[PDB]
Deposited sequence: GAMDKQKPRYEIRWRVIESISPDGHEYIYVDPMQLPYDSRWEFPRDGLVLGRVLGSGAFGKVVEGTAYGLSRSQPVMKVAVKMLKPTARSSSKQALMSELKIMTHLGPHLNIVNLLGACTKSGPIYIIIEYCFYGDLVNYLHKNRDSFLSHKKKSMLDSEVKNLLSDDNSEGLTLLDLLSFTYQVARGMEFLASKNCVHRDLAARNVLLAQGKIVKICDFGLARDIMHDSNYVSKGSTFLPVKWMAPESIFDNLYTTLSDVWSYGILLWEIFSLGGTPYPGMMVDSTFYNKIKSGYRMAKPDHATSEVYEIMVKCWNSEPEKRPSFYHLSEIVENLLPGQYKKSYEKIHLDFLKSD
């Protein structure tokens, strides 16, 4: 079947429709950094018609092999398409200078900080909210898997909250189409055998759920990543139920942490389960928003 081939998004051309004048972008504070580079706050003039002056986030390499990785990140983002639970690419500065990737700025920030600041409220922040976040992330991950994308860095730091409490997944760069790494979120196959699949991301989703239902807790609390950590996880060690987690959600985590990647639940499958855990009215409202967005 030489006539049938795989279209690598890395070999596809860059549509210049995404180019933004570097003189139209004002850069500001460092919002943060992931595995590589940094994300800074910025103001863009002329990117949106509705908003002539719009606040944005900019992914860029730090002053310190990464340039093309950034370009690849741009490429995957360009071809992923739009989704409500996936942060949006607004444009890029790729000509005559360092690569700048312009992305949507989310008001409430990352879930980790949100969950932390609204911890005491958890007695604003409500259990239903947590489940909603869980559902939306599952949907966005389903979208990425549909697009044959393995994020490789699913975590609460990379799940953002936009206005309307709509979650957005961010931080590609470690993403691949079917270096320091986020071990406590990585599956055993990925760490020991360098194998990454959608199922590996499912493991990360479980770690994410523990983060959410621990209200911002650090995975494997107190444990330092070392020889013993790996031996334990290899032997089958798994984290215990988080304090604010139901048996039903912990079960989801347990499934996600099966040693057999093929036995872990799919994001499609994961979506339905969480749906049941929430009011059936939720699905409809979600769909409405998910149609308006487009």
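*Asks:* Could you spell out the stretches of the deposited sequence that were left without C-alpha coordinates, going in sequence order?
*Replies:* Sequence ranges with no C-alpha atoms are 1 to 23, 88 to 90, 150 to 171, 227 to 237, 354 to 356.
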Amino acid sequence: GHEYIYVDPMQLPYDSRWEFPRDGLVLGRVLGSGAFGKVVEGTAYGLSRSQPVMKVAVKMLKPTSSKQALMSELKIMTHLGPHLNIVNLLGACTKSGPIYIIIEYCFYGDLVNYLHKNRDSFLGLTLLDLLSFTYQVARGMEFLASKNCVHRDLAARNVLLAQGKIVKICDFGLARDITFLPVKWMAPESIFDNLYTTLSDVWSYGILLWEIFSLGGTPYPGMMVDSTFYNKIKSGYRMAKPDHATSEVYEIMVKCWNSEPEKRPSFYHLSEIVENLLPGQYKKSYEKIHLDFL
From here on, numbers count along this sequence of modelled residues.
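*Asks:* Which is higher on mean Cα B factor in this entry, 150 to 158 or 136 to 144?
*Replies:* Comparing averages over the C-alpha atoms only gives 136 to 144.
*Asks:* On mean C-alpha B-factor from the PDB entry, just flag whether 285 to 293 or 2 to 10 is the higher one.
*Replies:* Between 285 to 293 and 2 to 10, it is 285 to 293.
*Asks:* Tell me, please, which of 65, 258, 235, 43 has the highest C-alpha B factor according to the deposited entry?
*Replies:* Answer for 65, 258, 235, 43: 65, with the highest C-alpha B-factor.
*Asks:* Which listed residue, 204, 96, 218, 197, has the largest C-alpha temperature factor in the record?
*Replies:* Checking the PDB record, the top C-alpha B-factor among 204, 96, 218, 197 is at 96.
*Asks:* Please place residue 110 in the lowest, middle or highest third of its chain by C-alpha B factor as given in the entry.
*Replies:* It belongs to the middle third of the chain when residues are ordered by C-alpha B-factor.
*Asks:* How does the C-alpha B factor of residue 116 compare with the rest of the chain: lowest, middle or highest third?
*Replies:* Within its chain, residue 116 is a highest-third residue by C-alpha B-factor, going by the deposited values.
*Asks:* Is residue 27 in the lowest, middle or highest third of its chain when residues are ranked by C-alpha B-factor?
*Replies:* Lowest third - that is where residue 27 ends up once the chain's C-alpha B-factors are sorted.
*Asks:* Would you please rank residue 55 by its C-alpha temperature factor against the other modelled residues of its chain and give the third it falls in: lowest, middle or highest?
*Replies:* Middle third of the chain for residue 55's C-alpha B-factor.
*Asks:* Comparing against every modelled residue in the chain, figure out the third that the C-alpha B-factor of residue 264 lands in (lowest, middle or highest).
*Replies:* Bottom third by C-alpha B-factor.
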